[PDB]
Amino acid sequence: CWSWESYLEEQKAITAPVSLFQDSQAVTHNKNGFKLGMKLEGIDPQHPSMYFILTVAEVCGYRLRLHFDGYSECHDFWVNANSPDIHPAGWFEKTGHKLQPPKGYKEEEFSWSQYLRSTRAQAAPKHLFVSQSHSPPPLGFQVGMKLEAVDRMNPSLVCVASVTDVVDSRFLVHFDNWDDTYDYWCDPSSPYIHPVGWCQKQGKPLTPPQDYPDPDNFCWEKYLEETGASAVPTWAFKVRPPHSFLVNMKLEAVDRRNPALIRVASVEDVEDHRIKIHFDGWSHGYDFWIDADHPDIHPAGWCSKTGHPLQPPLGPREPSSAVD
C-alpha cells in the first residue's frame, strides 16, 4: 500500500540519489543466506578490539540480529548481511586473533568442533562473509604505527593514537593508554584520522596519551623514540571527498531507539561528512547526526527490494510527533 512514489508526489519531495551512497549501502540484489541459529564470529560493536562467538537470532530482509552466545539478550545487535564486522567460524585462529569465549567457558575450553556438537548447531557457511582476511590490507597502515585521530565520542579532541589491528581493508584505531572502548575501525579515507604532526600544523591542541607525564610538554619525536614506533606515512592518508546529500532529500534509516525498525527519513542538516537524520512525522527531539558512510542509512526502496518492513511517517498529532 504505502509506496515511495505516492509519498513523493504527496509531499512534493525528492529522494537522495543512489549515487550519493556507497555501493555497500545501496546494494539490494544480494541474497541473505544467513539462517536462524547459525553460528559465527564477530567484533563486539561497543568493544571493537574484542571478538566473540555469535548466533543468528533473527533474520529480516538483508539484515540479521546477532546474539552473544551464553550472554544476556540485552546485548543483541543488528548488522547487514554484507557487514565487514562478522567472520566465519575459524577466522580468529586462522588470522592470529584472540576469542572471548561463550559465557561459562575458559578460552582453552573452546573449540568449534566440540562447541557445534554441544549446541547441535551449524556454522554459517564461509561464502557469505565479505571479510575473511583474503583481501589486500590497507595500504600503508600496519599494527604498531602511530597517528592522530579524532575521538568520535568526543569529537573536539584530536589525539595521540595507534593502529592496533588490521583486518582486510580496514584497521583499528586505538587511543594510547585510554580504555579500549574508545577504539573504532577505520579505512585510509576516514576524515577522522590524520598523520603525526597534523595538530601542530593546524594550530589545534593535541590530546596526549592518558596520564602522560608532563602532558603540556608532549613531543611526538620523543614519544616515537620512547616507543620505537613509526608514524603512519603521510602518503597513506587518502581522505574521502565531502558527501553530496542535500537538506530535504529523503531516504531510509535504521531507528536508533529500536534497531529492529527502519523508517522513512529526511536529511535535516548537513556537514562535510555527516548528515542529520529526521524521521518523517516524528518529533525533532529524535533527530540525530550520523556519518554519511554509516551502514544503517540507505536509499529509498532499499527495504522493499530487500524484504525488510519500512515504517511509514508517524501520523499527525500523535504522541511524539512533529507538525512537519
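Throughout, we count residues from 1 along the sequence that is shown.
Judged by mean Cα B factor in the deposited record, 209-217 ranks above the other of 209-217 and 166-174. With 127-135 and 157-165 compared on mean CA B-factor from the PDB entry, the stretch scoring higher is 127-135. Set against one another, the Cα B-factors of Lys250, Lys238, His194, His75 in the record reach their highest point at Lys238.
Going by the entry's values, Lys106 shows the largest Cα B-factor out of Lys146, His243, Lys106, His87. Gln202 sits in the highest third of its chain by CA B factor, as recorded in the PDB entry.
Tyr71 sits in the middle third of its chain by CA B factor, as recorded in the PDB entry. Ranked within its chain, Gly42 lands in the lowest third, by CA B factor from the PDB record. Ranked within its chain, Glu93 lands in the highest third, by CA B factor from the PDB record. Ranked within its chain, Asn82 lands in the lowest third, by CA B factor from the PDB record.
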